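Structure first, then comments.
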Amino acid sequence: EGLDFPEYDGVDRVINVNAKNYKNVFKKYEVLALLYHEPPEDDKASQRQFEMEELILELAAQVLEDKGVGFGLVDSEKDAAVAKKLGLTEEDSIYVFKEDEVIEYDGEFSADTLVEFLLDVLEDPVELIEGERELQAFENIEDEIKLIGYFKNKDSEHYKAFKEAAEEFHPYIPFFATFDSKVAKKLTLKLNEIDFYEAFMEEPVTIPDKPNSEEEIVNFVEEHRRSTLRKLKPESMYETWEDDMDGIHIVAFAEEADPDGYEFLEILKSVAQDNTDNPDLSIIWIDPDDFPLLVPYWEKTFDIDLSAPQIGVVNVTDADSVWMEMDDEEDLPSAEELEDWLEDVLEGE
Ligand SMILES: *[C@@H]1O[C@H](CO)[C@@H](O[C@@H]2O[C@H](CO)[C@@H](O)[C@H](O)[C@H]2NC(C)=O)[C@H](O)[C@H]1NC(C)=O
Ligand SMILES: [Ca+2]
Ligand SMILES: [Ca+2]
Ligand SMILES: [Ca+2]
Ligand SMILES: [Ca+2]
Ligand code: NA
Ligand code: NA
């Protein structure tokens, strides 16, 4: 007869954002998530799809109520003028506002993913490294791009530029700073130097021409936005998938928590490292564990067993694909064999 776990309470919290209330809504919340959607269609199916999306927002709204995150709906017809002023263009899409930044969310429309994302948005844009714990944590990041700069202190003109740049990419690309010469030494940073670490790469590339303006940093990050090996992540999956390489993606499935999946991931990292300067190569790593609801679809569509590592090439137009044969009674292919296979497949078609 104990206390129940928290449950969705069925109380409506998602705001109908309109001409009359939108200014007040913005004032009330530090972070605001707005779904820009189309007016109700006549067909039951469309209505049910919208009903689901709105309830997903309700769940997130309940979870994040105490943290001052607000959720709202902007109707492209009824609220056309609000959309105009706020720059809402993308049909049935989520926009996130924090102070003077808009984020055009391009990730999974699930309560889990949205809540984690908005919790990340709430955080300060630069992570400072002081302790050994924090430095170690920084060093252990590999599945995303990361930047680290060394500056005199928070009042350095060059640190402020770095923070402005950080805000432009927040919370997708973590920006770290240190003001401690001992930390800078371990990181091999000179004062005002910023090191850019491509995902899954051991060695950073230093942003040239320090000290760097906000624009120099932003330009550099944009030019280096696509890592040679990048992970499909729920928070960013649509942006990653839509960034195809001339109509195809090389896709690798590997369950990191599995011995074979782990070994395969290490091989993919070697392939990446050996081809890092090749701008025509990007491989998407998908860990099936991250996307339980898509595994049946992938297994059916690609005709593969996702309990084993896989690598293939996928046509983004129609999901046509080809997958490398690997005998699970022998060792996984070496990096050289993977590259050879990719060459064979990509030269022919
Ligand atoms: C990816 O798949 C699509 C088919 O869904 C291919 O597009 C077609 O290509 C053929 C020639 O092979 C054309 O005759 C059709 O008009 C195309 N249909 C379209 C564009 O919808 C496309 O070639 C494939 N990309 C590859 C193989 O790299
Ligand atoms: Ca509205
Ligand atoms: Ca250095
Ligand atoms: Ca400069
Ligand atoms: Ca690279
Ligand atoms: Na992040
Ligand atoms: Na295509």
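Every chain in the structure tokens takes a letter, A first, then B, and so on in the order presented; its residues are numbered from 1, and the ligands are numbered from 1 following the presented order.
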Who sits within 12 Å of residue A:22, only C-alpha atoms, same chain under 5 positions skipped, as a ChimeraX atom specification: /A:15-17,27-29,32,34,70-74,79,81-83,85-86
Selection within 10 Å of ligand 6 by only C-alpha atoms and all ligand atoms, output as number ranges by chain: A: 116-121, 123, 125, 144-146, 169-175, 235-236
Please return, as a PyMOL selection string, all residues of stretch 33-216 of chain A that DSSP assigns to strand (DSSP E) on the basis of the backbone. chain A and resi 33-37+69-75+93-98+101-104+126-128+146-150+175-178+194-197+205-206
Counting only C-alpha atoms and all ligand atoms, which protein, DNA or RNA residues come within 6 Å of ligand 5, given as a list in words?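 The residues near ligand 5 are residues 227, 228, 276 and 277 of chain A.
Closest approach to ligand 4 among A:215, A:289, A:329, A:280 is made by A:215 (distances from only C-alpha atoms and all ligand atoms).
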What does the list of residues within 12 Å of ligand 1 look like if you count only C-alpha atoms and all ligand atoms, written as an MDAnalysis selection string? chainID A and resid 244:250 313:322 345:349
Selection as a ChimeraX atom specification: residues within 9 Å of ligand 3 by only C-alpha atoms and all ligand atoms: /A:184-185,187-190,193-195,204-206
Could you pull out the residues sitting within 7 Å of ligand 4, using only C-alpha atoms and all ligand atoms, and write them as a PyMOL selection string? chain A and resi 209-213+216
Selected residues written out, C-alpha atoms, as a JSON list (two decimals), in the first residue's frame:
```json
[["chain", "number", "residue", "atom", "x", "y", "z"],
["A", 209, "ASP", "CA", 45.38, 32.28, -35.95],
["A", 210, "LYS", "CA", 44.75, 32.56, -32.20],
["A", 211, "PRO", "CA", 43.52, 34.45, -30.43],
["A", 212, "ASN", "CA", 40.24, 33.60, -32.11],
["A", 213, "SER", "CA", 37.24, 35.79, -32.68],
["A", 216, "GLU", "CA", 36.71, 32.37, -36.45]]
```
Within stretch 137-321 of chain A, find each residue whose DSSP state, derived from the backbone, is alpha helix (DSSP H), and express the selection as an MDAnalysis selection string. chainID A and resid 137:140 157:169 181:187 214:223 237:242 259:274 295:302
Can you write just those residues out, C-alpha atoms, as a JSON list (two decimals), in the first residue's frame?
```json
[["chain", "number", "residue", "atom", "x", "y", "z"],
["A", 137, "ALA", "CA", 35.79, 13.24, -17.96],
["A", 138, "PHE", "CA", 36.76, 15.59, -20.78],
["A", 139, "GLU", "CA", 39.50, 13.25, -21.97],
["A", 140, "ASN", "CA", 37.07, 10.29, -21.96],
["A", 157, "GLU", "CA", 38.09, 39.01, -24.11],
["A", 158, "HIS", "CA", 39.06, 35.71, -25.75],
["A", 159, "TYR", "CA", 37.11, 33.62, -23.29],
["A", 160, "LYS", "CA", 34.03, 35.74, -23.94],
["A", 161, "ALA", "CA", 34.40, 35.12, -27.66],
["A", 162, "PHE", "CA", 34.69, 31.39, -26.95],
["A", 163, "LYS", "CA", 31.50, 31.48, -24.84],
["A", 164, "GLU", "CA", 29.58, 33.31, -27.57],
["A", 165, "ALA", "CA", 30.71, 30.64, -30.04],
["A", 166, "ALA", "CA", 29.69, 27.91, -27.58],
["A", 167, "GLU", "CA", 26.16, 29.36, -27.38],
["A", 168, "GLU", "CA", 25.82, 29.06, -31.16],
["A", 169, "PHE", "CA", 26.15, 25.24, -31.00],
["A", 181, "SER", "CA", 47.90, 26.60, -16.34],
["A", 182, "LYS", "CA", 48.49, 23.13, -14.95],
["A", 183, "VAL", "CA", 45.45, 21.76, -16.77],
["A", 184, "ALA", "CA", 46.46, 23.63, -19.91],
["A", 185, "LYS", "CA", 49.85, 21.99, -19.63],
["A", 186, "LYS", "CA", 48.36, 18.46, -19.52],
["A", 187, "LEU", "CA", 46.19, 19.37, -22.50],
["A", 214, "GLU", "CA", 33.77, 34.38, -32.15],
["A", 215, "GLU", "CA", 33.40, 34.23, -35.95],
["A", 216, "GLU", "CA", 36.71, 32.37, -36.45],
["A", 217, "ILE", "CA", 35.56, 29.69, -34.01],
["A", 218, "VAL", "CA", 32.09, 29.36, -35.51],
["A", 219, "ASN", "CA", 33.54, 29.20, -39.06],
["A", 220, "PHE", "CA", 35.98, 26.49, -38.02],
["A", 221, "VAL", "CA", 33.34, 24.38, -36.28],
["A", 222, "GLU", "CA", 30.98, 24.67, -39.26],
["A", 223, "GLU", "CA", 33.69, 23.62, -41.68],
["A", 237, "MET", "CA", 19.16, 11.57, -35.76],
["A", 238, "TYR", "CA", 17.29, 13.47, -38.48],
["A", 239, "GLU", "CA", 20.03, 16.05, -39.05],
["A", 240, "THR", "CA", 22.61, 13.27, -39.31],
["A", 241, "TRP", "CA", 20.53, 11.13, -41.69],
["A", 242, "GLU", "CA", 19.53, 14.09, -43.87],
["A", 259, "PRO", "CA", 32.17, -8.09, -27.32],
["A", 260, "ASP", "CA", 31.92, -8.35, -31.08],
["A", 261, "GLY", "CA", 30.17, -4.99, -31.37],
["A", 262, "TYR", "CA", 32.94, -3.42, -29.31],
["A", 263, "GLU", "CA", 35.69, -5.01, -31.40],
["A", 264, "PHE", "CA", 33.95, -3.84, -34.58],
["A", 265, "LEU", "CA", 33.68, -0.30, -33.23],
["A", 266, "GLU", "CA", 37.44, -0.29, -32.62],
["A", 267, "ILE", "CA", 37.96, -1.35, -36.23],
["A", 268, "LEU", "CA", 35.62, 1.39, -37.50],
["A", 269, "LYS", "CA", 37.61, 3.91, -35.45],
["A", 270, "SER", "CA", 40.82, 2.71, -37.13],
["A", 271, "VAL", "CA", 39.19, 3.05, -40.57],
["A", 272, "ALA", "CA", 38.08, 6.56, -39.62],
["A", 273, "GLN", "CA", 41.50, 7.55, -38.34],
["A", 274, "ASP", "CA", 43.22, 6.28, -41.48],
["A", 295, "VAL", "CA", 15.40, -2.79, -34.78],
["A", 296, "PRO", "CA", 12.56, -4.88, -36.27],
["A", 297, "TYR", "CA", 12.25, -2.41, -39.13],
["A", 298, "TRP", "CA", 16.02, -2.46, -39.79],
["A", 299, "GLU", "CA", 16.27, -6.22, -39.66],
["A", 300, "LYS", "CA", 13.32, -6.57, -42.08],
["A", 301, "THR", "CA", 14.32, -3.75, -44.42],
["A", 302, "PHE", "CA", 18.04, -4.52, -44.65]]
```
